[PDB]
Amino acid sequence: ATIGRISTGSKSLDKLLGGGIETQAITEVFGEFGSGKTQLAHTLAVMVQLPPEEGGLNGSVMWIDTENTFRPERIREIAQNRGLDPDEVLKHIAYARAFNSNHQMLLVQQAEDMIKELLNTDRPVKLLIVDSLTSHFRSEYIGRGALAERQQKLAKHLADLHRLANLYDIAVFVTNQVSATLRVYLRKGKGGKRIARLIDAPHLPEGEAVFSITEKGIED
Ligand SMILES: CCc1nnc(NCc2ccc3[nH]ccc3c2)s1
């Protein structure tokens, strides 16, 4: 399949990303508290449900939440402010809480069942969110004596995610805080705006995009 792209809601950020976040790829977004990385996740979970003419992929979403940062009311607000039915939008986000790093890995393994079920339907899974990729690994694997095993498990988790992205034409979007991922770093800008910086992309130039966080989620 040709690579599909999901608009972030921000024209500036889309331009930096070559059009939006890509299917068949993992986009990994870093930021401290209030950076906007989870707001971007929420916005993408709405945008992907739009038709391609409006920046979506007519897709369903699967969402893995490690720290209780998913806000259904925020989905509803973004959806309604973009003209979608808020209840329909929520029905097409399959939510799972991950309680620890092992459970997080099992959820990605067992997400393939729903992906397969939806694959040839009107709403195939097009976005798989892991917010956040590392919170449980960081909590559970303390010290340099634990680093080797932490990295091995995380590498296998990322491999599982890459396989789903490539085999089923899904955009994987993960959050992180400071491995074949496209890495975007968010920071506070001036006047309450946020800045995204793209770093180390093999085939996209580094650059920055300024965006806002509004009732529509993220936009210029
Ligand atoms: C590990 C035990 C399971 N618990 N739930 C499962 N399958 C159902 C399910 C529902 C929504 C989901 N969003 C992301 C993954 C996902 C999965 S398998």
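Out of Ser135, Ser101, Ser139, report the one residue that is surrounded by fewer than 18 Cβ atoms within 10 Å (Cβ to Cβ), among the hydroxyl-bearing types (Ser, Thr, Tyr) and more than 9 Å from the ligand (Cβ to nearest atom).
Details: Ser135 fails: surrounded by fewer than 18 Cβ atoms within 10 Å (Cβ to Cβ); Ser101 fails: surrounded by fewer than 18 Cβ atoms within 10 Å (Cβ to Cβ).
After ruling out the rest, the residue left standing is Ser139.
Among the numbered criteria (1) loosely packed, with under 13 Cβ neighbours inside 10 Å; (2) more than 13 Å from the ligand (Cβ to nearest atom); (3) within 25 Å of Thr2 (Cα to Cα), which single criterion is violated by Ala165?
(1)
Here's the yes/no breakdown for (1) among the aromatic types (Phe, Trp, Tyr); (2) at positive phi:
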position: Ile6; (1), (2): no, no
position: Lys11; (1), (2): no, no
position: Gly18; (1), (2): no, yes
position: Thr23; (1), (2): no, no
position: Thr27; (1), (2): no, no
position: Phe30; (1), (2): yes, no
position: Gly36; (1), (2): no, yes
position: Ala41; (1), (2): no, no
position: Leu44; (1), (2): no, no
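Quickly run through the stretch 96-117 and pick out the residues that are touching a helix residue (DSSP H, G or I) at 6+ places or on another chain (Cβ under 9 Å) and in a helix (DSSP H, G or I). So that I can check it myself, show each step before the final result.
First, pick out the residues of the stretch 96-117 that are touching a helix residue (DSSP H, G or I) at 6+ places or on another chain (Cβ under 9 Å): 96-105, 108-109, 111-112, 115-116.
Correct list: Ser101, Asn102, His103, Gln104, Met105, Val108, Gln109, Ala111, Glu112, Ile115, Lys116.
May I ask you to list pairs of residues, at least six apart or on different chains, whose Cβ atoms are under 7 Å apart, with the first in the stretch 70-84 being under 11 Å from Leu50 (Cβ atoms) and the second being of a type in the set (S, T, N, Q)?
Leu84/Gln49
Just checking, does the stretch 25-41 include any residue being farther than 23 Å from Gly189 by Cα and either touching a helix residue (DSSP H, G or I) at 6+ places or on another chain (Cβ under 8 Å) or surrounded by fewer than 19 Cβ atoms within 10 Å (Cβ to Cβ) (or both)? Break it down stepwise before answering.
Start the filter on the stretch 25-41 by keeping residues that are farther than 23 Å from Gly189 by Cα, which leaves 25-26.
After this cut, where a residue has to be either touching a helix residue (DSSP H, G or I) at 6+ places or on another chain (Cβ under 8 Å) or surrounded by fewer than 19 Cβ atoms within 10 Å (Cβ to Cβ) (or both) as well, the list is 25-26.
Yes: one or more hits.
Going residue by residue through the stretch 52-61, is there one that turns out to be among the hydroxyl-bearing types (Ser, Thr, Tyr), under 30 Å from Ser12 (Cα atoms) and away from the ligand (no atom under 14 Å from the Cβ)?
Within the stretch 52-61, the first condition is being among the hydroxyl-bearing types (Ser, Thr, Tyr), and the residues that meet it are 60.
Then keep just the ones that are under 30 Å from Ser12 (Cα atoms); that gives 60.
So of that shortlist, the ones also away from the ligand (no atom under 14 Å from the Cβ) come out as none.
Looking through the stretch 52-61, none of the residues is among the hydroxyl-bearing types (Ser, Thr, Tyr), under 30 Å from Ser12 (Cα atoms) and away from the ligand (no atom under 14 Å from the Cβ).
Would you mention how many residues in the stretch 105-123 are within 13 Å of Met62 (Cβ to Cβ), surrounded by 18 or more Cβ atoms within 10 Å (Cβ to Cβ) and more than 8 Å from the ligand (Cβ to nearest atom)?
Result for the stretch 105-123: 2.
Per-residue answers, yes or no, for (1) in contact with a helix residue (DSSP H, G or I) (Cβ under 7 Å, 6 or more places away or on another chain); (2) in a strand (DSSP E or B):
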position	(1), (2)
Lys126	no, yes
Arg138	no, no
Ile142	no, no
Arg150	yes, no
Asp160	yes, no
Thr175	yes, yes
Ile195	no, yes
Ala201	no, no
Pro205	no, no
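Please verify whether the stretch 24-31 includes one or more residues that are hydroxyl-bearing (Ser, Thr, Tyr) and not in a loop (DSSP other than H, G, I, E, B). If you could, list the steps in order and put the result at the bottom.
At the first step, the residues of the stretch 24-31 found to be hydroxyl-bearing (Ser, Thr, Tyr) are 27.
Still in the running and not in a loop (DSSP other than H, G, I, E, B): 27.
Scanning the stretch 24-31, I find at least one residue that is hydroxyl-bearing (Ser, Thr, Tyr) and not in a loop (DSSP other than H, G, I, E, B), so the answer is yes.
Among the residues of the stretch 69-92, write down those that are within 16 Å of the ligand (Cβ to nearest atom) and touching a strand residue (DSSP E or B) at 6+ places or on another chain (Cβ under 7 Å).
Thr69, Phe70, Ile75, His92
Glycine gets a Cβ as well: all are built from the backbone with ideal geometry, and neighbour counts include every protein chain shown. Values quoted throughout were computed directly from the atomic coordinates according to the rules given, and no laboratory measurement underlies them.
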